[PDB]
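Worksheet: the structure to be examined is printed underneath.
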Amino acid sequence: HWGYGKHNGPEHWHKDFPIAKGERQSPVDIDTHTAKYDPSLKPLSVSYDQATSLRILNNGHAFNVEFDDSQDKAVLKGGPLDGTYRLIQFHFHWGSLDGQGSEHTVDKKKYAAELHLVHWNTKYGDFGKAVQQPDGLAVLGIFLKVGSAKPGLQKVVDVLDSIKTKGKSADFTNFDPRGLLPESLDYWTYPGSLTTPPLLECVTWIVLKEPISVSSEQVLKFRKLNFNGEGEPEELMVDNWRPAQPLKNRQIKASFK
Ligand SMILES: NS(=O)(=O)c1c(F)c(F)c(S(=O)(=O)CCO)c(NCc2ccccc2)c1F
Ligand SMILES: [Zn+2]
């Protein structure tokens with residue numbers, strides 16, 4: 001039932017998922033001036049050398065690229081984190097227009113899209129158990145602006161027409177997610193939630209300061225996907241983002257300046 005329209009969009013979610021109005025919801029606006037510099041935050045460790053992508057799927061809300069997370073192959077550690085988080089999937093949120101699309105904002109600025117690389121804490125043994133814990137997930141968020149092409153995104157853009165509608169999937173092997181990373185790993189971090197239902201409050205958010213650039217043609221291809229299944233009337237998969245939620249009693253910490 002939930003989705004991103006007038007009748008089932010983010011403002012309706014609280015009726016099925018009351019945690020929507022909870023104490024640590026995401027995304028948030030990142031006010032760069034009042035984010036607190038913390039010189040004890042460690043550099044983020046992104047070890048994606050042994051990553052094994054498996055498959056790409058249209059789940060009716062976004063497309064996921066899923067990875068084999070049955071061993072420590074692509075992990076996030078360090079930064080604000082304790083222990084090892086294993087990469088399970090990444091996906092994006094994007095707009096109908098280049099002027100919106102991101103879930104987090106920076107001094108109220110929206111970006112054209114936002115990448116989420118979702119990782120789960122290996123001390124909970126799998127993703128389903130991790131989401132039930134306040135430190136179960138670490139999500140690395142990367143903003144996309146429109147400008148030059150991101151060559152490491154093209155393999156993703158080129159498969160999308162094979163997963164146009166809800167429920168479609170395709171083999172997606174040997175995709176290297178290091179090709180989606182900007183040069184700097186400077187980040188903001190705060191405790192928050194999944195930004196889609198069930199909206200569980202289980203996420204340490206790690207949001208990179210530096211956006212990657214993708215071309216207008218790359219982001220246009222995301223907008224040709226469909227929220228509907230093959231049987232049904234075409235509804236373009238656009239504006240699949242949740243707006244900024246109240247920061248409430250939280251401080252966003254910065255790894256820099
Ligand atoms: N926007 S978010 O980064 O906060 C986020 C997650 F953190 C996340 F873990 C997931 S996941 O739990 O479903 C990964 C499971 O393999 C999704 N969304 C994925 C999804 C898939 C099907 C239906 C709904 C959501 C997701 F959207
Ligand atoms: Zn997301």
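Letters A, B, ... mark the chains of the structure tokens in the order given; residue numbers begin at 1 per chain; ligand numbers begin at 1, in order shown.
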
> So which residues are near ligand 1, meaning at most 9 Å away with only C-alpha atoms and all ligand atoms counted, given back as a VMD selection string?
Replying inline: chain A and resid 26 to 27 57 to 64 66 88 to 93 103 115 to 120 127 to 128 131 137 to 141 192 to 200 202 to 203 205 241 to 242

> Which neighbours of residue 237 (chain A) fall inside 9 Å, counting only C-alpha atoms, when residues of the same chain fewer than 6 positions from it are skipped, and could you give them as number ranges by chain?
Replying inline: A: 60-62, 94-96, 222-228

Since we have the selection now, will you write its residues out, keeping C-alpha atoms, as an mmCIF file, in the first residue's frame?
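To be explicit, this is the file written out as out.cif:
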data_model
loop_
_atom_site.group_PDB
_atom_site.id
_atom_site.type_symbol
_atom_site.label_atom_id
_atom_site.label_comp_id
_atom_site.auth_asym_id
_atom_site.auth_seq_id
_atom_site.Cartn_x
_atom_site.Cartn_y
_atom_site.Cartn_z
ATOM 1 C CA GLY A 60 8.462 -1.250 -6.994
ATOM 2 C CA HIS A 61 9.935 1.611 -5.058
ATOM 3 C CA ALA A 62 13.529 1.826 -6.278
ATOM 4 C CA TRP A 94 15.764 10.499 -7.237
ATOM 5 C CA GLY A 95 13.591 13.262 -8.536
ATOM 6 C CA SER A 96 11.290 14.117 -11.444
ATOM 7 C CA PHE A 222 16.505 6.276 -13.731
ATOM 8 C CA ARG A 223 13.272 8.275 -14.514
ATOM 9 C CA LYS A 224 12.208 5.818 -17.218
ATOM 10 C CA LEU A 225 11.714 3.048 -14.687
ATOM 11 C CA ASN A 226 8.185 2.190 -13.445
ATOM 12 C CA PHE A 227 6.627 1.833 -9.985
ATOM 13 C CA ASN A 228 3.907 -0.443 -11.550
#

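Of the listed residues (A:38, A:171, A:158, A:98), A:171 comes nearest to residue 53 (chain A); the distances count only C-alpha atoms.
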
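Candidate residues A:8, A:174, A:204, A:215 were compared for distance to residue 85 (chain A), and the nearest is A:204, using only C-alpha atoms.
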
>> Please list as a PyMOL selection string every residue within 8 Å of residue 51 (chain A), counting only C-alpha atoms and excluding residues in the same chain fewer than 5 positions away.
In response: chain A and resi 67-68+73-74+176-177

> Could you state the separation of CA of residue 130 (chain A) and CA of residue 84 (chain A) in Å, given to one decimal place?
Replying inline: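 Computing the Euclidean distance for CA of residue 130 (chain A) and CA of residue 84 (chain A) yields 12.2 Å.
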
>> Can you tell me which residues surround residue 175 (chain A) at a distance of at most 10 Å, considering only C-alpha atoms, apart from same-chain residues fewer than 6 positions away, and format the answer as a PyMOL selection string?
In response: chain A and resi 51-55+65+67+152-153+155-156

Next, the residues of the selection above should be written as a short mmCIF file (atom, residue, chain, number, x, y, z; two decimals), in the first residue's frame with N, CA, C and O atoms.
data_model
loop_
_atom_site.label_atom_id
_atom_site.label_comp_id
_atom_site.auth_asym_id
_atom_site.auth_seq_id
_atom_site.Cartn_x
_atom_site.Cartn_y
_atom_site.Cartn_z
N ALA A 51 34.10 -7.24 -3.27
CA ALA A 51 32.65 -7.21 -3.41
C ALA A 51 32.13 -8.19 -4.46
O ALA A 51 32.67 -8.30 -5.60
N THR A 52 31.04 -8.85 -4.11
CA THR A 52 30.35 -9.71 -5.09
C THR A 52 28.96 -9.28 -5.37
O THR A 52 28.03 -9.69 -4.66
N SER A 53 28.75 -8.52 -6.45
CA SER A 53 27.40 -8.25 -6.80
C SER A 53 26.79 -9.51 -7.40
O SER A 53 27.52 -10.34 -8.00
N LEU A 54 25.48 -9.64 -7.20
CA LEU A 54 24.66 -10.78 -7.67
C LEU A 54 23.56 -10.41 -8.67
O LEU A 54 23.33 -11.08 -9.72
N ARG A 55 22.81 -9.38 -8.32
CA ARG A 55 21.63 -9.18 -9.02
C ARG A 55 21.10 -7.77 -8.88
O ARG A 55 21.48 -7.09 -7.95
N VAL A 65 20.68 -3.03 -6.12
CA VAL A 65 21.77 -3.89 -6.53
C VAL A 65 22.19 -4.67 -5.26
O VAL A 65 22.71 -4.07 -4.31
N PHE A 67 24.24 -7.75 -3.05
CA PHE A 67 25.58 -8.30 -2.97
C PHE A 67 25.56 -9.58 -2.13
O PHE A 67 24.66 -9.78 -1.35
N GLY A 152 31.58 4.89 -13.66
CA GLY A 152 31.30 3.72 -12.82
C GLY A 152 29.83 3.48 -12.53
O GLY A 152 29.45 2.43 -12.00
N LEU A 153 28.98 4.43 -12.89
CA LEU A 153 27.56 4.19 -12.84
C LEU A 153 26.99 3.63 -14.12
O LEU A 153 25.86 3.20 -14.15
N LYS A 155 27.31 0.94 -16.04
CA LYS A 155 26.86 -0.47 -16.08
C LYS A 155 25.47 -0.61 -15.42
O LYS A 155 24.63 -1.42 -15.84
N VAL A 156 25.20 0.22 -14.39
CA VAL A 156 23.89 0.18 -13.72
C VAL A 156 22.84 0.77 -14.65
O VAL A 156 21.76 0.20 -14.81
#

>> Using only C-alpha atoms and all ligand atoms for the distances, tell me which of A:184, A:40, A:133, A:102 is nearest to ligand 2.
In response: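 Using only C-alpha atoms and all ligand atoms, ligand 2 sits closest to A:102.
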